[PDB]
Ligand SMILES: CCN(C)C(=O)c1ccc2c(c1)NC(=O)/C2=C(\Nc1ccc(CN2CCCCC2)cc1)c1ccccc1
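In the numbering used here, the protein residues as written are 1 to 330.
As C-alpha cells, then:
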C-alpha cells in the first residue's frame, strides 16, 4: 500500500472493480498488521469485536480464538469468494491469520458503525414513522440480496443466514441497516443442487428459531426451508422495530420477542411449548391500527409467523411492499 492511501479510497478500489470480490490477499495481510487497536467494543458467541484505527480512520476488528477456527473460516469464505458487495450488507475489508498452533491469531476486518447493533440502538432511542420504514426496508433488501442467486459463474450463490436477530443487525450513521455475522450461514448453487454445511443439528439463538426447526419437522435436504426460516426470524425483528415507533408520544418499552412467554437464555424444550405446542406468537397492540405504516408492518408480521413454511412471504416481496410504502412519505 502506497503513501497517502486511505480506507475510504480502498472501499472504492474493490466496489467499482471488474470483479465485485474483496481486496487482494497481500493487501488484506498488510491492512490487518497496520490496524492500531483502541478498545474492546463488544462480544458475541464467537470471538471478540474490537475498535481499531487504520491510518487515522475508525475500523472494526473481530479477533477469533484458536479453538473457534471453523467460525472464522466460514465468515471469511462467505464475505470473499462469492461477489456480494451490497449497501445493506456489512462492508468487509480483510481476513488474516497471524501465528500457528495454540497461539493462532485469527482476524476479521469490517466497517465501523458508532450507533452499534439494532438491539443497543432501539433500547436507547425512539424511532419516527419515516425512520421505522428506512430500518425495515434495509433489513428486507439485505436478505433479498442474500437469497438472490445469479447463475453463470460470474454471479453469486443463494445464502441463508440461519441466525437472524437484533444483535446481528447493525445500524449505519444515516439510519440504514446492514446484515452482519455470516459464521452460521449456508451457501447454495441451483445448477448442481449442493449445500456446503453438514445438515443434522439446530443452529443459532433459540429465541429466534422457527417452529419447523424446534419440532424437527424441517426438511434439511431442501434449501428453501432454510430461506423460509430466516423470514420468520426477520418478522420477529420487524415486531420490535415498529414497537419503538412513536407517533406523538405513544411508544412501548423495548423488549425481546417472547419476553412474557420465555425467560433470559431459553432451552429448546421451553421454546417448543410456546411456538409449537400452544402456537403462541408475539402480541400486536391495538394502537398499531391508527396509521398506515404500523398497519402494513403488522400485516407482513402475521404473514411471516405461519406454522407452514411455504405459506410465508419471500424476501423480495417484503422488499417490494416496503418500497411502495416509503414512496407515500418520500
Ligand atoms: C466481519 C466480522 N465482523 C467484524 C463483524 O461481524 C462485526 C461485529 C460487530 C461490529 C462490527 C462488525 N462493526 C461494528 O461497528 C460492530 C459493533 N459496533 C458497536 C459500536 C459501538 C457500540 C456502543 N454502543 C453502546 C450502546 C448504545 C450505542 C453505542 C456498540 C457496538 C458491535 C460490536 C459488538 C457487538 C455488537 C455490535
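C-beta: ideal position from N, C-alpha, C; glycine also.
Nonlocal neighbours in the same chain, by C-beta distance under 6 Å from residue i, ignoring five residues either side
i	result
residue 292	none
residue 79	92
residue 181	168
residue 20	83 and 85
residue 319	140, 141 and 144
Inter-residue Cα distance where the pair is residue i and residue j
i	j	result
residue 213	residue 36	42 Å
residue 102	residue 67	8 Å
residue 149	residue 191	10 Å
residue 10	residue 311	43 Å
residue 250	residue 299	20 Å
residue 172	residue 106	26 Å
residue 266	residue 237	18 Å
residue 254	residue 18	44 Å
residue 146	residue 186	10 Å
residue 209	residue 82	26 Å
residue 268	residue 207	9 Å
residue 65	residue 28	19 Å
residue 124	residue 244	10 Å
residue 222	residue 26	38 Å
residue 155	residue 252	43 Å
residue 151	residue 74	22 Å
residue 224	residue 175	31 Å
residue 218	residue 194	17 Å
residue 44	residue 264	16 Å
residue 4	residue 58	16 Å
residue 179	residue 2	32 Å
residue 153	residue 98	32 Å
residue 96	residue 288	47 Å
residue 203	residue 70	14 Å
7 Å CB neighbourhood of residue i in its chain, flanking five on each side removed
i	result
residue 205	163 and 165
residue 211	275, 276 and 307
residue 15	85
residue 114	173
residue 258	207, 274 and 282
residue 239	257, 282 and 301
residue 270	262
residue 197	186
residue 31	54, 93, 94 and 109
residue 34	54
residue 132	241, 242, 245 and 293
residue 226	160, 162 and 186
residue 46	64, 68, 71 and 183
Cut-off 8 Å between Cβ atoms - residues of its own chain near residue i, not counting five sequence neighbours on either side
i	result
residue 247	129, 290, 291 and 294
residue 200	220
residue 279	307
Beta-carbon proximity check, residue i vs residue j, cutoff 7 Å
i	j	result
residue 89	residue 42	no
residue 261	residue 274	yes
residue 184	residue 117	no
residue 232	residue 304	yes
residue 331	residue 63	What is shown of the chain runs 1 to 330, which leaves residue 331 out entirely.
residue 109	residue 61	yes
residue 135	residue 241	yes
residue 313	residue 137	no
residue 395	residue 316	In the structure displayed, the chain extends from 1 to 330; residue 395 sits before or after that span and is not available.
residue 309	residue 228	yes
Contact belief for residue i with residue j at Cβ below 8 Å, rounded distance in angstroms
i	j	result
residue 23	residue 76	13 Å between Cβ atoms; not a contact.
residue 54	residue 7	5 Å
residue 161	residue 230	5 Å
residue 51	residue 112	7 Å
residue 234	residue 139	6 Å
residue 188	residue 158	4 Å
Heavy atom of ligand 2 within 6 Å of residue i beta-carbon
i	result
residue 173	Because ligand 2 does not appear in the structure shown, any question about it cannot be addressed here, the ligands present being ligand 1.
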